[PDB]
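Q: Okay, here's the structure, questions in a sec.
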Amino acid sequence: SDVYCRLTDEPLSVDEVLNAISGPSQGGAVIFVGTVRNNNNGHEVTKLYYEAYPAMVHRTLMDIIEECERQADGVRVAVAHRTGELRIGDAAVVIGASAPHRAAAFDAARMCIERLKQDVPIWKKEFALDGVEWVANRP
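Numbering (the authors' numbering), first residue to last: 83 to 221.
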């Protein structure tokens, strides 16, 4: 069953991510949703932009997905990250991991987002209302 790994300017779909990992053998599923908070480091955030070269980002996510899926039998991982402009409350990243039982779903979902934050080459440009801006090549 083919990997689900989406970059898109459109709002993310938790329903697509869950559907992509569902199955009659999968009894547990864990979805993580990361959203733009209204405050960063004691400043009031106004907007974010995300930039990425898709093939190079998809390559890194495949490493993570393979690492998560080889942790335990029957584990399936799917990932969606948004690009473009996001506002407060928008979902920036949605990851899901399913397994026959809940423990392995939790294990894989946690690992997937930790590696994604550590390793995935997606540029972040964050703006605060008082002029400050942050740039980083991770999200």
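Note that beta-carbon positions come from the ideal geometry of N, C-alpha and C, so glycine has one too.
Just to confirm the assignment: which complete beta strand (DSSP E) runs, minimum length 3, are found wholly within the segment 123–177?
A: Runs of the beta strand (DSSP E) inside the segment 123–177: 125–133, 158–164 and 166–168.
Q: Using DSSP's beta-bridge definition, name the partner residues of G110.
A: Its beta-bridge partners are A181.
Q: In terms of residue numbering, what span does the alpha helix (DSSP H) encompassing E98 cover?
A: Looking at the DSSP string, the run of the alpha helix (DSSP H) that includes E98 is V96 to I103.
Q: Thinking C-beta only, is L94 closer than 8 angstroms to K207?
A: For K207 and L94, no; Cβs fall outside 8 angstroms.
Q: For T142 and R158, I'd like the C-alpha separation in whole angstroms.
A: Distance between the alpha carbons of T142 and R158 is about 17 angstroms.
Q: Helix, strand or coil: how does DSSP classify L211 here?
A: Coil, per DSSP.
Q: Does the Cβ-Cβ distance between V99 and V176 come in under 8 angstroms?
A: It is a contact, given that the beta carbons lie within the stated cut-off.
Q: In whole angstroms, give me the CA-to-CA distance for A191 and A181.
A: So the two alpha carbons sit approximately 10 angstroms from each other.
Q: Please report the distance separating the alpha-carbon of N123 from that of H183.
A: Their backbone Cα atoms lie some 38 angstroms apart in a straight line.
Q: Given a cut-off of 8 angstroms on the beta-carbon distance, is the pair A160 and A102 in contact?
A: In this structure, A102 lies closer than 8 angstroms to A160 by Cβ.
Q: Please look up how many angstroms separate the CB atoms of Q153 and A186, rounded, as I've assumed it's under 8 angstroms.
A: Going by Cβ atoms, the distance from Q153 to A186 rounds to 7 angstroms, so yes, they are a contact pair.
Q: Find out if the Cβ-Cβ distance for the pair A134, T90 is shorter than 8 angstroms.
A: No, they are not a contact pair.
Q: Give me the Cα-Cα distance between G110 and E151, rounded to the nearest whole angstrom.
A: Computed Cα separation, rounded: 14 angstroms.
Q: My understanding is that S107 touches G178, with C-beta atoms under 8 angstroms, so please give their C-beta distance in whole angstroms.
A: Not confirmed; about 16 angstroms, so no contact.
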